[PDB]
Every structure is written in structure tokens, then in C-alpha cells.
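Coordinates from target.cif are shown below (mmCIF, C-alpha atoms and all ligand atoms).
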data_query
#
loop_
_atom_site.group_PDB
_atom_site.id
_atom_site.type_symbol
_atom_site.label_atom_id
_atom_site.label_comp_id
_atom_site.auth_asym_id
_atom_site.auth_seq_id
_atom_site.Cartn_x
_atom_site.Cartn_y
_atom_site.Cartn_z
ATOM 1 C CA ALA A 1 76.957 124.778 81.578
ATOM 2 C CA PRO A 2 76.961 128.382 80.228
ATOM 3 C CA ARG A 3 76.335 129.056 76.549
ATOM 4 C CA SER A 4 79.769 130.692 76.261
ATOM 5 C CA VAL A 5 83.020 130.901 78.283
ATOM 6 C CA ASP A 6 86.172 133.012 77.900
ATOM 7 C CA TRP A 7 88.739 132.513 80.654
ATOM 8 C CA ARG A 8 90.827 135.442 79.348
ATOM 9 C CA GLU A 9 88.259 137.891 80.758
ATOM 10 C CA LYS A 10 88.705 136.259 84.170
ATOM 11 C CA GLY A 11 92.513 136.680 84.349
ATOM 12 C CA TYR A 12 93.415 132.997 83.838
ATOM 13 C CA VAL A 13 95.443 133.348 80.609
ATOM 14 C CA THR A 14 98.850 134.891 79.798
ATOM 15 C CA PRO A 15 99.518 136.542 76.441
ATOM 16 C CA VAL A 16 100.270 134.450 73.404
ATOM 17 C CA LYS A 17 103.753 132.964 73.288
ATOM 18 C CA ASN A 18 105.933 131.683 70.457
ATOM 19 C CA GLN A 19 107.642 128.291 70.554
ATOM 20 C CA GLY A 20 109.887 129.269 67.587
ATOM 21 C CA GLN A 21 111.791 126.503 65.837
ATOM 22 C CA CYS A 22 111.529 123.918 68.631
ATOM 23 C CA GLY A 23 108.974 121.075 68.903
ATOM 24 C CA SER A 24 107.844 122.298 72.294
ATOM 25 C CA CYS A 25 104.082 122.824 71.711
ATOM 26 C CA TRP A 26 103.430 120.323 74.519
ATOM 27 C CA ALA A 27 105.316 122.528 76.980
ATOM 28 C CA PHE A 28 103.292 125.624 76.063
ATOM 29 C CA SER A 29 100.016 123.749 76.282
ATOM 30 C CA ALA A 30 101.114 122.445 79.720
ATOM 31 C CA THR A 31 102.200 125.859 81.104
ATOM 32 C CA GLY A 32 98.934 127.364 79.809
ATOM 33 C CA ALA A 33 96.847 124.844 81.806
ATOM 34 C CA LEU A 34 99.078 125.173 84.864
ATOM 35 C CA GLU A 35 98.955 129.024 84.642
ATOM 36 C CA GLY A 36 95.197 128.745 84.740
ATOM 37 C CA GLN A 37 95.026 126.304 87.653
ATOM 38 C CA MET A 38 97.615 128.296 89.641
ATOM 39 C CA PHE A 39 95.505 131.393 89.146
ATOM 40 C CA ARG A 40 92.367 129.496 90.284
ATOM 41 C CA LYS A 41 94.230 128.484 93.454
ATOM 42 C CA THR A 42 96.151 131.668 94.283
ATOM 43 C CA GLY A 43 94.530 134.571 92.392
ATOM 44 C CA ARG A 44 97.926 135.313 90.803
ATOM 45 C CA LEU A 45 98.697 134.835 87.107
ATOM 46 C CA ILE A 46 102.458 134.090 86.696
ATOM 47 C CA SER A 47 103.948 133.127 83.363
ATOM 48 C CA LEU A 48 105.533 129.665 83.681
ATOM 49 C CA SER A 49 108.809 128.336 82.185
ATOM 50 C CA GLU A 50 108.514 126.089 79.083
ATOM 51 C CA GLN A 51 112.283 125.870 78.957
ATOM 52 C CA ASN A 52 112.206 124.264 82.424
ATOM 53 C CA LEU A 53 109.905 121.604 80.925
ATOM 54 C CA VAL A 54 112.006 121.177 77.759
ATOM 55 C CA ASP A 55 115.295 120.802 79.655
ATOM 56 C CA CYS A 56 114.147 118.743 82.627
ATOM 57 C CA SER A 57 111.144 116.466 81.924
ATOM 58 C CA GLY A 58 112.992 113.776 79.945
ATOM 59 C CA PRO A 59 112.645 111.364 82.915
ATOM 60 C CA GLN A 60 108.844 111.618 82.642
ATOM 61 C CA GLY A 61 109.043 110.697 78.926
ATOM 62 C CA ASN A 62 109.330 114.033 77.138
ATOM 63 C CA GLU A 63 111.696 114.548 74.205
ATOM 64 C CA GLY A 64 112.549 118.255 74.445
ATOM 65 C CA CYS A 65 112.312 120.007 71.083
ATOM 66 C CA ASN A 66 111.313 116.716 69.412
ATOM 67 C CA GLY A 67 107.870 116.529 71.081
ATOM 68 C CA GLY A 68 106.285 115.429 74.339
ATOM 69 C CA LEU A 69 103.013 115.206 76.226
ATOM 70 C CA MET A 70 101.315 117.666 78.493
ATOM 71 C CA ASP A 71 100.600 114.802 80.905
ATOM 72 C CA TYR A 72 104.328 114.019 81.189
ATOM 73 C CA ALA A 73 104.907 117.686 81.922
ATOM 74 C CA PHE A 74 102.251 117.652 84.674
ATOM 75 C CA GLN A 75 103.891 114.521 86.143
ATOM 76 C CA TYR A 76 107.270 116.246 86.109
ATOM 77 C CA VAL A 77 105.918 119.167 88.104
ATOM 78 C CA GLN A 78 104.620 116.667 90.698
ATOM 79 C CA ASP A 79 107.802 114.595 90.781
ATOM 80 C CA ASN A 80 109.989 117.684 90.869
ATOM 81 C CA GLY A 81 108.110 119.574 93.620
ATOM 82 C CA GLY A 82 107.785 122.714 91.495
ATOM 83 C CA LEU A 83 108.245 124.624 88.220
ATOM 84 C CA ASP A 84 110.158 127.870 87.678
ATOM 85 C CA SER A 85 108.663 131.117 86.454
ATOM 86 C CA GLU A 86 109.189 132.233 82.831
ATOM 87 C CA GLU A 87 111.074 135.254 84.215
ATOM 88 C CA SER A 88 113.519 133.127 86.221
ATOM 89 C CA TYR A 89 114.018 130.543 83.458
ATOM 90 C CA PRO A 90 113.555 132.141 80.065
ATOM 91 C CA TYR A 91 112.771 130.421 76.775
ATOM 92 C CA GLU A 92 115.705 129.567 74.484
ATOM 93 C CA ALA A 93 113.956 127.470 71.807
ATOM 94 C CA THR A 94 116.579 124.736 72.109
ATOM 95 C CA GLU A 95 117.248 121.782 74.467
ATOM 96 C CA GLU A 96 119.864 122.547 77.162
ATOM 97 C CA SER A 97 120.870 120.953 80.462
ATOM 98 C CA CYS A 98 118.366 121.236 83.282
ATOM 99 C CA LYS A 99 118.802 124.379 85.425
ATOM 100 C CA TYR A 100 115.752 124.097 87.679
ATOM 101 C CA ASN A 101 116.085 126.149 90.847
ATOM 102 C CA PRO A 102 113.463 125.567 93.574
ATOM 103 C CA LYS A 103 114.028 129.071 94.970
ATOM 104 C CA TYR A 104 112.174 130.400 91.878
ATOM 105 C CA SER A 105 109.436 127.774 91.751
ATOM 106 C CA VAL A 106 106.023 129.420 91.509
ATOM 107 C CA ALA A 107 103.809 126.413 90.602
ATOM 108 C CA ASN A 108 103.159 122.871 91.739
ATOM 109 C CA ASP A 109 100.604 120.097 91.125
ATOM 110 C CA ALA A 110 99.577 116.703 92.534
ATOM 111 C CA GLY A 111 99.094 114.986 89.192
ATOM 112 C CA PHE A 112 96.630 115.425 86.400
ATOM 113 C CA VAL A 113 93.227 114.557 85.069
ATOM 114 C CA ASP A 114 92.425 112.914 81.719
ATOM 115 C CA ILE A 115 89.004 114.026 80.564
ATOM 116 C CA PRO A 116 86.931 111.248 79.014
ATOM 117 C CA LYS A 117 86.743 111.310 75.148
ATOM 118 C CA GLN A 118 83.485 113.316 74.777
ATOM 119 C CA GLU A 119 83.022 116.940 73.706
ATOM 120 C CA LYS A 120 80.255 117.132 76.325
ATOM 121 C CA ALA A 121 82.859 116.206 78.962
ATOM 122 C CA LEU A 122 85.336 118.726 77.604
ATOM 123 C CA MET A 123 82.727 121.510 77.641
ATOM 124 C CA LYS A 124 81.868 120.767 81.304
ATOM 125 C CA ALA A 125 85.611 120.784 82.156
ATOM 126 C CA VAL A 126 86.192 124.115 80.385
ATOM 127 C CA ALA A 127 83.163 125.619 82.112
ATOM 128 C CA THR A 128 84.106 124.436 85.598
ATOM 129 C CA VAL A 129 87.892 124.024 85.747
ATOM 130 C CA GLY A 130 89.602 126.688 83.608
ATOM 131 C CA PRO A 131 91.700 126.387 80.450
ATOM 132 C CA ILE A 132 92.282 122.776 79.335
ATOM 133 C CA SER A 133 95.285 121.243 77.521
ATOM 134 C CA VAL A 134 94.224 119.483 74.308
ATOM 135 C CA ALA A 135 95.655 117.442 71.504
ATOM 136 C CA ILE A 136 94.553 118.213 67.967
ATOM 137 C CA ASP A 137 95.299 117.225 64.394
ATOM 138 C CA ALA A 138 97.050 120.347 63.085
ATOM 139 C CA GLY A 139 98.781 118.480 60.240
ATOM 140 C CA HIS A 140 96.997 120.325 57.461
ATOM 141 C CA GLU A 141 98.055 123.454 55.597
ATOM 142 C CA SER A 142 94.617 124.936 56.326
ATOM 143 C CA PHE A 143 95.736 125.061 59.967
ATOM 144 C CA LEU A 144 99.131 126.642 59.082
ATOM 145 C CA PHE A 145 97.368 129.307 56.971
ATOM 146 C CA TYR A 146 94.503 129.987 59.380
ATOM 147 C CA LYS A 147 93.582 133.673 59.768
ATOM 148 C CA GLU A 148 89.988 134.093 61.027
ATOM 149 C CA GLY A 149 86.653 132.326 61.352
ATOM 150 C CA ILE A 150 85.608 128.896 62.497
ATOM 151 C CA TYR A 151 88.240 126.320 61.559
ATOM 152 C CA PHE A 152 86.853 123.170 59.857
ATOM 153 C CA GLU A 153 89.067 120.817 57.897
ATOM 154 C CA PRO A 154 87.300 117.947 55.986
ATOM 155 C CA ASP A 155 90.458 115.823 56.183
ATOM 156 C CA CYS A 156 91.027 116.271 59.950
ATOM 157 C CA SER A 157 91.532 113.161 62.098
ATOM 158 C CA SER A 158 89.562 112.646 65.325
ATOM 159 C CA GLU A 159 92.011 109.909 66.306
ATOM 160 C CA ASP A 160 95.555 110.948 65.352
ATOM 161 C CA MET A 161 96.789 114.216 66.838
ATOM 162 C CA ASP A 162 100.114 115.998 66.494
ATOM 163 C CA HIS A 163 99.847 119.357 68.281
ATOM 164 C CA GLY A 164 99.137 120.387 71.886
ATOM 165 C CA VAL A 165 97.186 123.644 72.395
ATOM 166 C CA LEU A 166 94.963 125.191 75.044
ATOM 167 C CA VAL A 167 91.217 125.599 75.128
ATOM 168 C CA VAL A 168 90.366 128.861 76.920
ATOM 169 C CA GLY A 169 86.620 128.925 76.259
ATOM 170 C CA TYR A 170 83.905 128.247 73.740
ATOM 171 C CA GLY A 171 81.044 130.089 72.058
ATOM 172 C CA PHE A 172 78.383 130.151 69.344
ATOM 173 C CA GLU A 173 77.283 131.613 65.966
ATOM 174 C CA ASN A 179 75.461 125.449 64.507
ATOM 175 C CA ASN A 180 79.034 126.772 63.990
ATOM 176 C CA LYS A 181 79.739 126.543 67.705
ATOM 177 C CA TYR A 182 83.456 126.771 68.496
ATOM 178 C CA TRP A 183 86.221 126.041 70.939
ATOM 179 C CA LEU A 184 88.388 129.074 71.649
ATOM 180 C CA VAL A 185 91.931 127.820 71.344
ATOM 181 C CA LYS A 186 95.238 129.445 72.303
ATOM 182 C CA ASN A 187 98.129 128.379 70.090
ATOM 183 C CA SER A 188 101.892 128.888 70.678
ATOM 184 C CA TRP A 189 102.996 130.206 67.279
ATOM 185 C CA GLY A 190 103.076 133.863 68.272
ATOM 186 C CA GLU A 191 100.407 136.517 67.878
ATOM 187 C CA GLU A 192 100.868 136.977 64.092
ATOM 188 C CA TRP A 193 99.368 133.529 63.393
ATOM 189 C CA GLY A 194 95.561 133.234 63.270
ATOM 190 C CA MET A 195 93.368 135.615 65.300
ATOM 191 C CA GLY A 196 96.123 137.242 67.427
ATOM 192 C CA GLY A 197 97.466 133.706 67.992
ATOM 193 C CA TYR A 198 94.075 132.154 68.719
ATOM 194 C CA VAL A 199 91.918 129.936 66.561
ATOM 195 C CA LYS A 200 88.207 129.125 66.707
ATOM 196 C CA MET A 201 87.911 125.337 66.253
ATOM 197 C CA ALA A 202 84.658 123.602 65.199
ATOM 198 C CA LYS A 203 82.781 122.435 68.341
ATOM 199 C CA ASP A 204 80.210 119.590 68.473
ATOM 200 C CA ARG A 205 81.018 118.402 64.944
ATOM 201 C CA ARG A 206 81.955 114.796 65.748
ATOM 202 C CA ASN A 207 85.044 115.647 67.866
ATOM 203 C CA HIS A 208 86.606 117.646 65.048
ATOM 204 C CA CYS A 209 90.374 117.356 64.766
ATOM 205 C CA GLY A 210 90.356 115.100 67.875
ATOM 206 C CA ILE A 211 90.063 118.068 70.265
ATOM 207 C CA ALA A 212 88.249 115.935 72.905
ATOM 208 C CA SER A 213 90.459 112.880 72.357
ATOM 209 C CA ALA A 214 93.285 113.648 74.770
ATOM 210 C CA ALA A 215 92.224 116.610 76.901
ATOM 211 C CA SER A 216 93.779 117.048 80.339
ATOM 212 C CA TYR A 217 94.687 119.463 83.116
ATOM 213 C CA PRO A 218 96.796 119.441 86.187
ATOM 214 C CA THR A 219 95.494 118.693 89.707
ATOM 215 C CA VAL A 220 95.907 121.840 91.808
HETATM 216 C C1 LIG A 301 104.866 120.355 69.085
HETATM 217 N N1 LIG A 301 105.537 121.380 68.642
HETATM 218 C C2 LIG A 301 104.910 119.048 68.390
HETATM 219 N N2 LIG A 301 103.814 118.157 68.737
HETATM 220 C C3 LIG A 301 103.818 117.358 69.816
HETATM 221 O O1 LIG A 301 104.741 117.278 70.589
HETATM 222 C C4 LIG A 301 102.581 116.552 70.066
HETATM 223 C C5 LIG A 301 102.038 116.990 71.436
HETATM 224 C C6 LIG A 301 101.333 115.712 71.942
HETATM 225 S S1 LIG A 301 99.661 115.658 71.285
HETATM 226 O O2 LIG A 301 98.920 116.720 71.855
HETATM 227 O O3 LIG A 301 99.738 115.521 69.856
HETATM 228 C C7 LIG A 301 98.966 114.140 71.833
HETATM 229 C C8 LIG A 301 98.740 113.140 70.908
HETATM 230 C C9 LIG A 301 98.171 111.948 71.297
HETATM 231 C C10 LIG A 301 97.823 111.743 72.614
HETATM 232 C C11 LIG A 301 98.055 112.730 73.542
HETATM 233 C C12 LIG A 301 98.624 113.928 73.150
HETATM 234 CL CL1 LIG A 301 98.866 115.136 74.332
HETATM 235 C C13 LIG A 301 102.267 114.598 71.411
HETATM 236 N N3 LIG A 301 102.861 115.125 70.145
HETATM 237 C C14 LIG A 301 103.453 114.402 69.176
HETATM 238 O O4 LIG A 301 103.853 114.963 68.171
HETATM 239 C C15 LIG A 301 103.650 112.922 69.399
HETATM 240 C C16 LIG A 301 104.535 112.602 70.592
HETATM 241 C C17 LIG A 301 104.078 111.871 71.675
HETATM 242 C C18 LIG A 301 104.897 111.628 72.775
HETATM 243 C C19 LIG A 301 106.199 112.092 72.812
HETATM 244 CL CL2 LIG A 301 107.276 111.797 74.151
HETATM 245 C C20 LIG A 301 106.668 112.807 71.722
HETATM 246 C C21 LIG A 301 105.843 113.072 70.633
HETATM 247 C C22 LIG A 301 103.682 112.061 68.149
HETATM 248 C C23 LIG A 301 102.458 112.010 69.069
HETATM 249 C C24 LIG A 301 106.265 118.462 68.026
HETATM 250 C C25 LIG A 301 105.341 119.002 66.923
#

What do you get writing this file as C-alpha cells?
Amino acid sequence: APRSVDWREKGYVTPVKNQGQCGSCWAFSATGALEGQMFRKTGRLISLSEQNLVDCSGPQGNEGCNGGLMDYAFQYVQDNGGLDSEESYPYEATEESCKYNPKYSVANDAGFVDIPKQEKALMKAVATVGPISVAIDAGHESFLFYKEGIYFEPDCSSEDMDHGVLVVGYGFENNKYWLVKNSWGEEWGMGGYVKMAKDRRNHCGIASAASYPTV
């Protein structure tokens, strides 16, 4: 694989979004991966609706603003036959009744792929597929306060994760990093991005539950 990748320079990635006061990280991670795969398939980047996922993917196992899984969101898109654009179905930061309208569906998938639990496997996926949804342990104030540089937290878990984000690339100086898009707005971190420690024993569990949709 290449020494470095940045899918933003290829047109795969929308600007940084803000989930606000709603536990919807999973939905932003999912739309980020689906934005990237839709662009791979069609050559058109269209911002996708997280609210659609929050309101409507309960049947697949998601819990709205209380949390959920990117894989459940990918399954919903399959089961549902589509997903509405961000423009058609704007973000409210609160759970509401489902208002999906197929007329405004701009994305679809035929399931998802769970990458095996190796950073080598995740690197190959990022290099070949596009942006990848990942689970990480973000339950440390060092993550909340992150501003710049390569993020390394001594107390991070490789096994227990609590935040879904999106890997959009990786790069180098040891001190290799994953280039991660977060959903906390552009004021957090490096314009809303964070560089996470790469090839340091699966730091923060970033290769523990990586996935993307089948498109
Ligand atoms: C987002 N604002 C919050 N975090 C979550 O919803 C996270 C997202 C995923 S995860 O990426 O942590 C993960 C963890 C383990 C295995 C796979 C994945 Cl994708 C799940 N989140 C959770 O907080 C948990 C969860 C799991 C399943 C459901 Cl339906 C709800 C919640 C607790 C694991 C809300 C802060």
C-alpha cells in the first residue's frame, strides 16, 4: 500500500459536521463511509442524512441519540432501499418520528464489511476502499481537549470503544498516524480532525471494529 493516503484530496469526504447534544456519533461515522462509497461508485459527493438514521434505524438495533452502531446503520440502508440526502432531511440533534421519503434517496448499499482486527488490514482497506468507519476509545479527557499533533493516550483501551469516527487516510512523521474525521464540529481538534497513533498495538481500538458499506 502507499506510504500515505488522504481521501479528502480525492473528493470522497464532506466537510466536518457537528452532532451537537445527541449521541449520534454512529450516524455520522456511517454517513461518512457511505458518502465515500457513493462517491467511488457515482463520482458525486452528496452529504447524507444522519437524522434519517437517528429517526428510522431502530428496527436494525440503533438507539437514536442514545447510541448505535455503524453496521446497524448500513443494514438499515439495505433493508430500507435507500437513505435521504442531508439537504432533504436535515439534522435536528434530537430523536423524532421517521420521515424517510424515497423520492429524495441518494444512497443505497447491499450490506457491509467487517474488517478483521489488524491494523495491517485496516491500512489495506483505507488504501483500497475509501474512508472507513471505526470504533475508538474516546473516553479520556485528553481526547476531549485534543488540539494538534499525534494523539496517544497511555490509558486507552484496545478492546472497549465508545465513539464511532471515520478514518480518511494515514501518514507518517515511528509516529505514524491515522487521519480521523470526528463529528464534533470544526472547532474541536485540527479543524475537526485528529491524528491517531498508528501501528502502536491497535491504539484506542481503532482496528477493533472497522467497517464500511458494500456499494
Ligand atoms: C456517540 N455519540 C456515542 N457512541 C456510540 O454510539 C458508540 C458507537 C459504537 S462504537 O463505535 O463505540 C462500537 C463499539 C464496539 C463495537 C462496535 C462499535 Cl461500532 C457503539 N457506541 C456505544 O456507545 C455503545 C453502543 C452499542 C450499540 C448500541 Cl445499539 C448503542 C450503544 C456502548 C457500545 C453515544 C456516545

For the point (89.3, 126.0, 67.2) in the file's frame, write as a count of residues only all residues with an atom no more than 12 Å away, counting only C-alpha atoms.
-> 47

Do you have, as JSON lines, the list of residues of chain A lying at most 6 Å from ligand LIG 301 (chain A), each with its nearest atom pair and that distance in Å to one decimal, counting only C-alpha atoms and all ligand atoms and ordered by chain then number?
{"residue": "A:23", "atom": "CA", "partner": "A:LIG301", "partner_atom": "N1", "distance": 3.5}
{"residue": "A:24", "atom": "CA", "partner": "A:LIG301", "partner_atom": "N1", "distance": 4.4}
{"residue": "A:25", "atom": "CA", "partner": "A:LIG301", "partner_atom": "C1", "distance": 3.7}
{"residue": "A:26", "atom": "CA", "partner": "A:LIG301", "partner_atom": "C5", "distance": 4.7}
{"residue": "A:61", "atom": "CA", "partner": "A:LIG301", "partner_atom": "CL2", "distance": 5.2}
{"residue": "A:62", "atom": "CA", "partner": "A:LIG301", "partner_atom": "CL2", "distance": 4.3}
{"residue": "A:63", "atom": "CA", "partner": "A:LIG301", "partner_atom": "CL2", "distance": 5.2}
{"residue": "A:66", "atom": "CA", "partner": "A:LIG301", "partner_atom": "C24", "distance": 5.5}
{"residue": "A:67", "atom": "CA", "partner": "A:LIG301", "partner_atom": "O1", "distance": 3.3}
{"residue": "A:68", "atom": "CA", "partner": "A:LIG301", "partner_atom": "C19", "distance": 3.7}
{"residue": "A:69", "atom": "CA", "partner": "A:LIG301", "partner_atom": "CL1", "distance": 4.6}
{"residue": "A:70", "atom": "CA", "partner": "A:LIG301", "partner_atom": "CL1", "distance": 5.5}
{"residue": "A:134", "atom": "CA", "partner": "A:LIG301", "partner_atom": "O2", "distance": 6.0}
{"residue": "A:135", "atom": "CA", "partner": "A:LIG301", "partner_atom": "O2", "distance": 3.4}
{"residue": "A:161", "atom": "CA", "partner": "A:LIG301", "partner_atom": "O3", "distance": 4.4}
{"residue": "A:162", "atom": "CA", "partner": "A:LIG301", "partner_atom": "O3", "distance": 3.4}
{"residue": "A:163", "atom": "CA", "partner": "A:LIG301", "partner_atom": "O3", "distance": 4.1}
{"residue": "A:164", "atom": "CA", "partner": "A:LIG301", "partner_atom": "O2", "distance": 3.7}
{"residue": "A:214", "atom": "CA", "partner": "A:LIG301", "partner_atom": "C11", "distance": 5.0}

Those residues you just picked out, can you put them in a file as a short mmCIF file (atom, residue, chain, number, x, y, z; two decimals), in the coordinates of the input with C-alpha atoms?
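Below you can see result-v5.cif, which holds the result:
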data_model
loop_
_atom_site.label_atom_id
_atom_site.label_comp_id
_atom_site.auth_asym_id
_atom_site.auth_seq_id
_atom_site.Cartn_x
_atom_site.Cartn_y
_atom_site.Cartn_z
CA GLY A 23 108.97 121.08 68.90
CA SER A 24 107.84 122.30 72.29
CA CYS A 25 104.08 122.82 71.71
CA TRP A 26 103.43 120.32 74.52
CA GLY A 61 109.04 110.70 78.93
CA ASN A 62 109.33 114.03 77.14
CA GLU A 63 111.70 114.55 74.20
CA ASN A 66 111.31 116.72 69.41
CA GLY A 67 107.87 116.53 71.08
CA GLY A 68 106.28 115.43 74.34
CA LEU A 69 103.01 115.21 76.23
CA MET A 70 101.32 117.67 78.49
CA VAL A 134 94.22 119.48 74.31
CA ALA A 135 95.66 117.44 71.50
CA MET A 161 96.79 114.22 66.84
CA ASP A 162 100.11 116.00 66.49
CA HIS A 163 99.85 119.36 68.28
CA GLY A 164 99.14 120.39 71.89
CA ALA A 214 93.28 113.65 74.77
#

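Closest approach to residue 58 (chain A) among A:97, A:33, A:88, A:7 is made by A:97 (distances from all atoms listed in the file).
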
Identify, on the basis of all atoms listed in the file, every residue whose closest approach to residue 122 (chain A) does not exceed 9 Å; exclude the query and any residue fewer than 5 positions from it along the same chain; express the result as JSON, numbers by chain.
-> {"A": [115, 116, 117, 127, 132, 211, 212, 215]}

Rank A:35, A:155, A:71, A:9 by their smallest atom-to-atom distance to residue 106 (chain A), using all atoms listed in the file, and report the top residue only.
-> A:35

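Remark: for residue 108 (chain A), the closest of the candidate residues A:131, A:190, A:196, A:218 is A:218 (distances computed over only C-alpha atoms).
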
Top pick for closest residue to residue 96 (chain A), considering A:52, A:158, A:142, A:18 and counting only C-alpha atoms |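 Of A:52, A:158, A:142, A:18, the one nearest residue 96 (chain A), counting only C-alpha atoms, is A:52.
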
Matched chain/residue IDs from the PyMOL selection byres (((chain A and resi 21) around 9) and not hetatm), as a list in words =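 Expected selection for the PyMOL selection byres (((chain A and resi 21) around 9) and not hetatm) here is residues 19, 20, 22, 23, 24, 65, 93 and 94 of chain A.
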
Padding of 8 Å on every side, edges along x, y and z, all listed atoms of region 200-210 of chain A included: what centre and edge lengths in Å, to one decimal, does that box have, as AutoDock Vina command-line options?
--center_x 85.3 --center_y 122.0 --center_z 66.6 --size_x 26.2 --size_y 30.3 --size_z 19.7

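You will find CA of residue 112 (chain A) at 13.5 Å from CA of residue 29 (chain A).
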
Have a look at CA of residue 105 (chain A) and CA of residue 82 (chain A) and let me know their distance in Å, one decimal.
-> 5.3 Å

Please measure the separation of CA of residue 81 (chain A) and CA of residue 60 (chain A), giving the value in Å to one decimal.
->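 CA of residue 60 (chain A) lies at a distance of 13.6 Å from CA of residue 81 (chain A).
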
Residues matched by the PyMOL selection byres (((chain A and resi 129) around 9) and not hetatm), written as a ChimeraX atom specification | /A:36-37,40,124-128,130-132,217

Skip residue 51 (chain A) itself and residues of its chain fewer than 6 positions away, then list as a list in words all residues within 7 Å of it, counting all atoms listed in the file.
->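 Neighbouring residues, sequence-local ones excluded: residues 89, 90, 91 and 92 of chain A.
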